[PDB]
Each structure stands twice: as structure tokens, then as C-alpha cells.
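First chain written, first letter: the chains are A, B, C, D, E, F, G, H and I, and each begins at residue 1.
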Amino acid sequence: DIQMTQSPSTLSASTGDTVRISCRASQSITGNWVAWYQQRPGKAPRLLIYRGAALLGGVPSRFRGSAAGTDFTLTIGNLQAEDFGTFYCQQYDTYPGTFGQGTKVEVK
Amino acid sequence: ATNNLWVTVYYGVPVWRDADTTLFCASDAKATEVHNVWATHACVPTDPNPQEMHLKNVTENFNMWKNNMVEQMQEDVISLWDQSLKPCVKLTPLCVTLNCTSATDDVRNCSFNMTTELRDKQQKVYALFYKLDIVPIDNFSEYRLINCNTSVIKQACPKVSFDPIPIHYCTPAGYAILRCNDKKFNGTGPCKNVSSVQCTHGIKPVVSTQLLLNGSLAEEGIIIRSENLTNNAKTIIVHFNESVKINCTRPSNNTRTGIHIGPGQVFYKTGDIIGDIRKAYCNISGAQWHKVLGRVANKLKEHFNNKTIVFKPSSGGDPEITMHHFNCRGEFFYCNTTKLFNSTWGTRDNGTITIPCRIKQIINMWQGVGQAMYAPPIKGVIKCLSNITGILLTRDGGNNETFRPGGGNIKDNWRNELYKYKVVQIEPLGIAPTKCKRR
Amino acid sequence: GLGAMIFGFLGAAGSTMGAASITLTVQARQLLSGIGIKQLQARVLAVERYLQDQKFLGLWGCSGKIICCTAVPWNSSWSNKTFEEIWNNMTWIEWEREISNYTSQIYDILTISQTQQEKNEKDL
Amino acid sequence: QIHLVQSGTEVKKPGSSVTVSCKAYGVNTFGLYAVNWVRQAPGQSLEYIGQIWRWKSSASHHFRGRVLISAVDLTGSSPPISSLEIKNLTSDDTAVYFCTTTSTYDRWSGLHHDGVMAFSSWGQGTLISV
Amino acid sequence: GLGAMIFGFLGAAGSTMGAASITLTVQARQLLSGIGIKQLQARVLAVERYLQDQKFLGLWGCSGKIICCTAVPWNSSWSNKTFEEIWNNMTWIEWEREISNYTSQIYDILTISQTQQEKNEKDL
Amino acid sequence: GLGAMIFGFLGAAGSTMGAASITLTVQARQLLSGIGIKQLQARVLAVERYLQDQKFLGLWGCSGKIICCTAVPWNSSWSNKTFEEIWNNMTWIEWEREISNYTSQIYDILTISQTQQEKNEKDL
Amino acid sequence: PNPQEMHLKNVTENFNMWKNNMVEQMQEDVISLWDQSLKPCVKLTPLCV
Amino acid sequence: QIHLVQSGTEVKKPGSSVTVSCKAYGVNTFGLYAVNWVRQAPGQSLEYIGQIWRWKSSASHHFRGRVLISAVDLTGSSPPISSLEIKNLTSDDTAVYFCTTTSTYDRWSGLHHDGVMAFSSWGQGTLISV
Amino acid sequence: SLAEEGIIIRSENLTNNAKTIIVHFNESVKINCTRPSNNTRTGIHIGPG
């Protein structure tokens, strides 16, 4: 029963920068149960954020998730060039898990 | 609506995390003139009666192959073995040139030099050593003990026993052990009627390289266990459901007499060797054995793609990594198990399979990890009744398939009896919301 | 708490909330009449973690007793969930999984509430 | 470590049926791991389909009674392999498909929550055109 | 409790009840100003048995304090004896010998009474 | 108390009384979320001395809580000093140096006051 | 440093030293005490000649 | 152990200035120890003058701005030595003078209290006549 | 560890010549210690292990 949105819809930056995406759900999930993804188009997604701000062993330390109620954030400080591509948001609380509508990150 | 529901602490809420500890062993009331290695100088506390609580409608995930209950008990069993050994003897004077050739199993006849309880007077000693505790160093051949490269061998100090009495593992305050109690349970993935307990069922700390003895029985299925069935290197545990019998005897008088090597150091050894002088055997009824191996290959066909299953023998080589280690009366048998594991199923008797057993005194019982031991022969004809219960099969790397029977790691020997269990930490302080305004 | 040294036992974990509180009380009732370096080391840190969790019940005015209600506004950001929603459609372990991103903040807020309550009756 | 592959890229007829494999080179089983089947329309964002999770086959209400998923875990020659099968491929089913395993052993890791879960390690995505 | 680690001393055991309660109080007054593996092992299990008996005073609302009165009907089947009958013609050890066939049942009944008392003020 | 096993940390020792009580409370707030034979021996006697000082808070009705006020006439022979005299011109260590010739007598007098208070509500 | 012995009035306690295990326990501590005061000493193995 | 000596007995002129030494054979420093300068009129009871205490030179309000005290601690040839110096010796300053060290390390010993202290080990007293 | 601003002279008793004077620097003085010589390591069996 969720149709998520995220802010922004399409964004560009360059290397060495700092960047912000947030995703908002129709409900307000409490247990931070979100997950964010990236892909270059043609490749597969790569889980980089599970449960708000827990990173994997292998995802770079520059990424940071954060939590505020319904709006959950990911920040990239010191952006590297092999990080561009589409991001996706995810709630995974009420079955089925409906996802985000993607955010392309490119260079102007 | 308003619904201004508020905080509430609960002490004692059932909440667990899949955590870890050191456990403490706990036997029954038997333990005083008894000094066996396993449960005397390590754990006094005896548990009289169980308190197992069922858990309804919960499904707990179990993974025995990334369990460290068994690795922790493996460490306590090695350290337990050693702190039951080092205050024993320490036969440093046997590493000599050994004057050995047989005299009437043709083990050998070996005299050598010693030192008596006086140092200046010197001692010449008669003995009977086996072919496999001996190496040919280069009639009337001259040999060496097998363990004079690595560590000095000690004696068992015969007031030590080795009866594998049931050792429980009871968890300290804080932690609980979640038994599975599911039938046909694979040891991996979920479990349906996981019930909590304070200690395990009594496991017997037996050691056996090729196949498992005195185990606990699965009831309905026979269970195939591995870490990685695609990986041929990982040892496949096979757990039966019916207790296969075995009788292992040495039907031979061999008396035990001692030498004074040091002050209080009396090396016990063989003497006259009469009786039914042939290799020590173990007998296995072909009816139950070929029935349970037929059901084993039925279930292995259920795993391995419904293929043509052959049971080759072992790969040969060093007869401790390769053969059937055995734990009878203070003596250690290696039984060439070849005619037990030889078939191709895709036609034997209902009679008796008899396997020979080369026995061994000086054992590096665990492959380098731990310390050695001289096992003195006891007095003569010895019968130990045992329930062969497990198999350890390693598939090989080549439209056929093979289960060459080899062992693997030693902690494997207990993973048939600790699949059901899982040490779990209780965090009892839960914070739940309801409507109070107090305190 | 039910152990040789005393610590709670998991009475009826799979039971949903409305029965599990009743069985928490019956846990108490049966539990207190039911009451080499590895053993010593383990039970010393059992003492240590026990005195830790009773100091958490100490510093919230709860004095080492169960069902101890204190005065905190339970924020809807910690959970927007209704009472009977979780208290009849859930068990306790998955609710502790839900709010494990808040437990340090909850211990924070109950401690300001307990010191605030005793300082206000210190005034009155 | 964990790695995932599946079948190649298959183009079929309208009104056919399709099956897509899922070979999980690294999954110790699918008892404790769980796998998830996720579509992706061309350009449009990814859409969930179904899952296996402790051997309870499920698909969405957008796919109930038409699409079927299976899984056989670790055997000898085979790694743990799942499979997505669809009858009556419409023009809507023209999509990129995905299989992904999640680790569901340490229950407080947060990669999973009571059936639904965050998708740990992906494959290669399979184009299917109608 | 009077020990190096703290545990009660037998103040005036042979004294009959009416004086021995007074000396229990004077025990308290003087006791808290009066306050190799064998030593460690012994005092760890001293900690363990102490925290056990303070949890018995914890789970009866008594909070680790002496002369803690709680609300239980003391059954005449446990003892039909009159107050001044035992409280002036007896000492404490022979009365604990009298009722040692009931102590688990008494701990049982005080625990239902304490959880009943806190659940009833949980209502009110 | 702020330690791995729990015991108070010196929050702002050089701060004079009027700020140091506030920082004693903020000590509490941050302290509980902040929470080979040598280690075992040290923390066992840490348990022992901790349970000792909580029994001092136990036997004064203070139940193991800070800022616990009890009913004793504080004699002018222990100190004739005015409140704001010491509570704004001093820190806590030199005041404990001042009255270290009385601490056993103070523990004495608080124990007669606590047993007197509970025996009087035992009457009432 | 100093004793704290308390008298007990009008009580009669039964004593049985021959089924006491204070003395057997101190006997065990005195043997084990003797030995853990010995084994880090010397060990004249060369006099048995 | 600790021992104290100082200068001898000096008789001077009215309107002169005097200095009296203080050699502390045993003081590990005057950082943690503190010394105290105390007069004594002939027959009349002893009267305090001044002190050094963690290198804060102080004298009484009966001596502020006229009398000055110094101290150099442990050097090689010298033990820790303080010195009392007085300008304008009146007939009132005809007195026996005293230097005394106090141990101020273990703060709960009670020999000291926040600057003022009980005087542990005395010297020999120096007559000064005017 | 380095002292930062001063270099620090430490002793128990500077009048006592027997007590060792510690001198603590404020700048890390370098030293390179080498043995510039091949010397291989080989073993003998003296005992079991």
C-alpha cells in the first residue's frame, strides 16, 4: 500500500563533491526498514544501504545513510567518478516491498 | 484519536541474540579414586535432572557448520586432555636405537637400552612394539619410535581411565541452549519445535577417524550433513537411525609388566603373548549393515541427483588419517575398513563381516594439535561392545560417483551430536509501550 | 530471574504479547522456587551483567522489579504503532528488532525522566 | 564469497512460457538464505515479483496464480538453483529479471524483516522481449 | 548484613524473639560501620548467594531491606500457633526447623502476592 | 555509576557544589548509555565494593539511587557551617577531608534513623 | 589484625570433630600448600646413584 | 629521614636587613613539601610569619609588603633551601626564627588543609637581636 | 613518547649521585640500527621437538 517518492528525480555533480538524496514514503515506517541501491544501466543493482545507515563490508566508507522519521537520507562526501548511475530507494516493511522510482546521477 | 501510550520496562522479556560464550561441562553423579581424563579434574558440578521448556510456534535458524559451540568444546577437549596428561610421567628415554625383529599378529620383538632407577647402573629392556609405532631407520632390524621428531611422549599413568562418560554442556547464567527436537533435521536452516534447555544431552567425547561410535541416534530419517556438498573436500557426516552393532576384541592374552625408568616412573609394557594369536578383529552383521547402507545410498541418491553410487575404499597412506581410529580399553585400534565400504549401487551375505585391526600404543591422537600419549596394554583378552552409528564419507573429484571414506577435521566427530544445539544470549530488559504514569 | 545465579528464562517466546505477560508473571512465580576457571569466569561476568541490568532498573526508579511503569512520552517517531496492533499481532523478539535503533536513546530519555521526577519531588 | 548467475537472455513468442534459472555460487543453502525475484521494465524502475524464504513459495498479488517459482538447494553437481517461470507472457512482461539471495541467519542484522528483506547480492539481469 | 562482603551475622541466636528483633536492629546499626583461588572462588559464590537473597527481597517488593511486611494470609496449616506462643517461648532456628517443609510454598505465595499487588496498583 | 562494571566517574571534581550537583545528574544521564587472574580478581573485588556501597544505600532506605534524602538532625558538632558557605565556596573532596572523622558515626546515625523510620511506620 | 568474637547466650550446639571436614579440608590445603611451595624449587634427580 | 638546618645566630643593627637560610636535608622537593616561617619572641609564644606552598609565596597581614621569603629546591650541591628576609628590623623583630617543612602529598593525611598546615619537622631556631 | 615544549630532567634525589637521572627530550632523535650481514639460521635436533 506504498507508492514511494524520492527527492530529487534527476541530479548531476562532479568528483570530490558532497551530495544528498532522500526518499519519502506514504506511510511512516518506524524501524528504519529501508534499503538503497545503485546501478550503472546494463549492470545489476548493488545493495549499499540496509536499514537506514548500516553499510556492508565492501561498500566504501564515504557513503552515509541517515534517518528522520519518514525522510531517510544518503550523503556521499568526497564523490568518486565510478559512483554515478541510478539510485533506488526501498521500504521493506509491509509485503510486498515497493521500491523507489530511481535517480540518475551524471555530470553536467 | 490521541493514544498517548507511554514507556514501560520489562525485566524478563524473552529476547535472544545468537551469541557465544564459554560453556561449562557437567556430568552425572558419577565422577573418589576415579581419574579418567574427561570429567574429573575439569568439571565437578553434576546435573541431577533436566528442565527443558518447549517453545510453541517459533522457528529458530540453526547453522551447525558456522557453530562455535563445537569448536569451543573441541578446544576444551584438547586442553582438557592435556591438563589431564602433563602431571603423568614423560617417557623421554625410549627414543633410542631399537633392536627389533619378531618372535612367536606379527607385531615384532624389540630389546633396547634404558636407564634403571640408578643412573650409573644401566638397564637392558625387552618389549613388543608394533609395526606402525616404528619406522625403519637406515635379520635383526634396527627401528625407531615414530614420535621422536616431534614432541616427547608421555605415559597414560594407568590410574587414569578413558571411559567416555556423558559430558553435558550447561550454559552459565545469562544464556540458554536452544535444542531443535525436529525429526529428519538437516542441521541447517529452520527448526520447528526448537525448545530451550539448560544443558545438552550427554555427549560421549569419543574419538574415531573413519566412522562414528556410541553416537546418539536420529529417529525417523537418516541424515546427510555437509558444509558444502559441491565441495568434495568437505567431510560428509552420515547419521543413521538404527544402532548398528559392532564387537571389537583383542582375543589375546598379553600381560603387563613394568620397568623402573625413573624415580616413580614405571613404564608398563607387554609381556608374554598367548591365546588366539592373530590380528584383533571387529565383526559386523551383514543384515543390518547392508540394510542401513542401502538406506544410506537411498538417501544419498535423494541428494546426489539420483546417480550411481559407488563406495570405494579409503585412499591409503598414513594409517591414522586414513583408517578407523578406535577407543577400546586404553588401547587404540586402526581397523582397515576396506570390505565395509566397497559397493556399486544403481549382493553380499546376511552373515558376518570381519575386519582386522592393527592396534597402536604411542598415538599422536589428534593430528599434531595436542600432545602424544603412550597407551599401555591392559592385561589380555578384551571385549568392547560398541554401536557403530555414523559414517564419514568424502566424495572425490573425477556417469558415476564415489564416496571414498575419509575423515577430515577432528571436531567433525562431535558435529553429529551438536547439530541440534545453539548457545543463545538473553537480553532481558525490554522497553515496551503501555499506559501507566508511575515511578 | 530464573538461573543458578539469577537471570531470566525465556518463558513462552513464541506466545504473542497478551499471553506472554501473564506467562512473564508465572515465570516469576515458578522461577524463584526453582532457584575450572571457565565456570568462575563465566559466572563472574554473569554477576557483572546482572548488576548492570539491575542498575538499569535502579536508575529508572524501578528498584529491581518487573512491570515497572515510568513517566516518559513514548514518541511516535520511535513507533507510530497502536497498542493492540503490536500487543496482539507480534512477539517480543521482533519488536526488539524493530526498535534496536532507539534503545540507547530510550535509556537516555528514561534517565532524564527519573532524575527529573526525583528532583521535582525533591522540590515538593 | 557469494556470487549469483542465472540463465541468459531469452526472447520468445507472445503466449509462450518462460523459465529463468538462478545459480547461487556461494549459498550454503536456501534453507537459511532466501531468494527474491524482481522484474525491471525497460527504463522503468524495478518491480518485485516473488520469493522463496525457508521453503514458502510466494509471489505478489500482481502475480498470484499465474507465475510460479521453485528452488532446489545444494546438491553435488549443482549449486543452489531457483527458477522463475511465467505462463502467458504479455507485452507487459517484457522486462529484465533478477534473482537475489539474502542472508537470513543472524536475525538482528536487519537485512530481513519477517518475510520481506533487503536484497544482498544480485546477478546479471535477463532481458525478455515479447 | 555484617561481612567483608556483606552478609548477616548471628546476633544473639539463643535470645528468644522479643529481644532478638531488637538485637537484629542493633545488629544492623553496628554491622555497617564494622564494614589463592580459594579466596576468589569463595567470595564469588558469596556474591552469588548474596544477590540471590537480595533478589528474594527484590521480588517481594522488599527492595533489600529488613522487617519488610507484605500482604499474605499466613495459613494455619503452615502453623496454627499463636503469636506470643512462638514469639516468647522459642528461638529462630527451631522455628525454621518447624517450617522447613513450607519455605518453597511460602516463596511461591509471596511471589503471587507481590505480582498481584503491583498488577492491582497497575490497574489503579 | 559509570564503569564497565558500574561505578561512578568523577564528573567535574573541581567544580564547586552548585554546578557539581547538576553535573552529577548529567553524569547519570550520559553514564548509563556509555555503559589473566588480575582482571578477574580486580573486577570481583569491584563487585564486592559495589555491592557494599549499594548496601549502604540499601540500609538507609535509599534503595540504590542518588540524591536520597533521609531524616537525620545534622549536628553542628559535625559541622557548624552554613549551607551556602560550603555550597558555594568549596568542592567535594576537601569537604570529605573535613568530615572524615565522622563518617562511621554518620553511618551509625543514619542506620538508627532508617530502622527507626521503618519501625515507626511498622507501628502506623 | 584483631578478633571479633561474639558470645552466644543459652544455646547448646552439637559438635563432632571426628566427622568434621574442616580438618580434612585444612589437611588438603596443607598438602597442596606444601607442594605448590615446593615444585618451583630444585629437583635433585642426580643423586640416585 | 627528614632533617632541617638553617643559618646560625645573627645579631645586627637597627634598620638593617637580615636573611635566614633553610636547608632541608631530606625534602625530595618543595613542590610537594611546603615550608613555614615562624617567629618566637623571647619567652613569648611562637607567632607565624609566612610560607611557601607549591610556589605561592605568602606572608601574614602583619608582614605583608615588608618581609620576603624565597625557596630553591633540590639542586646538585644544595639541598632544598628556603630563605626569610626582613628589611627594617625593629625591636619587635628581636626573635627566634624557625623554618619547618610539611609533607603535602597524601592529601587526606591531615597534616595540611588548603594552604595552612601542621608543621612536621623543625630546625634549631635562630636568635636575632636588635 | 615525546615531551612537547621543554626537555625534562627527572630524578629522585639530585644531591644523591647514585640515583639515575632521566633526561626526556622534546624532539625525536633518529637512529638506524642494522646488522648488514647475511647470517642464515639452521637447526639441530637436540630433543623431541
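Simple rule for what comes next: a contact is a pair of C-beta atoms (placed from the backbone, for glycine too) under 8 Å apart; a residue touches a chain by one contact, two chains touch by 3 or more.
Colleague: Fitting the CA atoms of chain C to chain F, what rotation angle results, rounded to the nearest 5 degrees?
Modeller: 120
Colleague: Count the C-beta pairs in contact for A-D and for B-I, then report the pair with the higher count.
Modeller: A-D
Colleague: Mind having a look at which chain is the central one, using mean CA positions?
Modeller: So the chain sitting closest to the middle is C.
Colleague: Please identify which chain has its centre, taken as the mean of its CA atoms, farthest from the centre of chain F.
Modeller: D
Colleague: Report the inter-chain centroid distance for chain D and chain I in whole angstrom, where each centroid is the mean of the CA atoms.
Modeller: 64
Colleague: How many angstrom between the C-alpha centroids of chain H and chain D?
Modeller: One centre to the other, that is 92 Å.
Colleague: Determine the centre-to-centre distance between chain F and chain I, using the mean Cα coordinates as centres, and give it in whole Å.
Modeller: From the centre of chain F to the centre of chain I is 47 Å.
Colleague: State, to the nearest whole Å, the distance from the C-alpha centre of chain E to the C-alpha centre of chain F.
Modeller: Whole-Å distance between the two chain centres: 26.
Colleague: Mark out which residues of chain G touch at least two other chains, giving numbers and ranges.
Modeller: Not one residue of chain G touches more than one other chain, so the list is empty.
Colleague: Show the residues in chain A shared as contacts by 2 or more other chains, in ascending order.
Modeller: 31, 51, in rising order.
Colleague: Counting only residues that touch at least two other chains, what does the list for chain F look like?
Modeller: 40, 44, 47, 51, 63-64
Colleague: Would you mind writing out the residues of chain B in touch with chain C in their complex?
Modeller: Interface residues on chain B, with respect to chain C: 3-16, 21-24, 42-45, 51, 53, 55-58, 76, 172-174, 176, 196, 426-439.
Colleague: Could you pull out which chain A residues touch chain D in their complex?
Modeller: 31, 33, 35, 37, 43-47, 50-51, 54, 88, 90, 92-102
Colleague: Mind listing the chain C positions that touch chain F in their complex?
Modeller: So the residues of chain C in touch with chain F come to 40-41, 44, 47-48, 51-52, 55-56, 58-59, 61, 63-64, 104, 107-108, 111-112, 115, 118-119, 122.
Colleague: Using the touch definition from the top, list the residues of chain C that touch chain E in their complex.
Modeller: Its residues touching chain E are 1, 4-6, 25, 28-29, 32-33, 35, 40, 43-44, 47, 50-51, 54, 63-67, 69.
Colleague: Going by the contact rule set out above, which residues of chain A touch chain C in the complex?
Modeller: Against chain C, chain A makes touches at 28, 30-32, 51-52, 67, 69.
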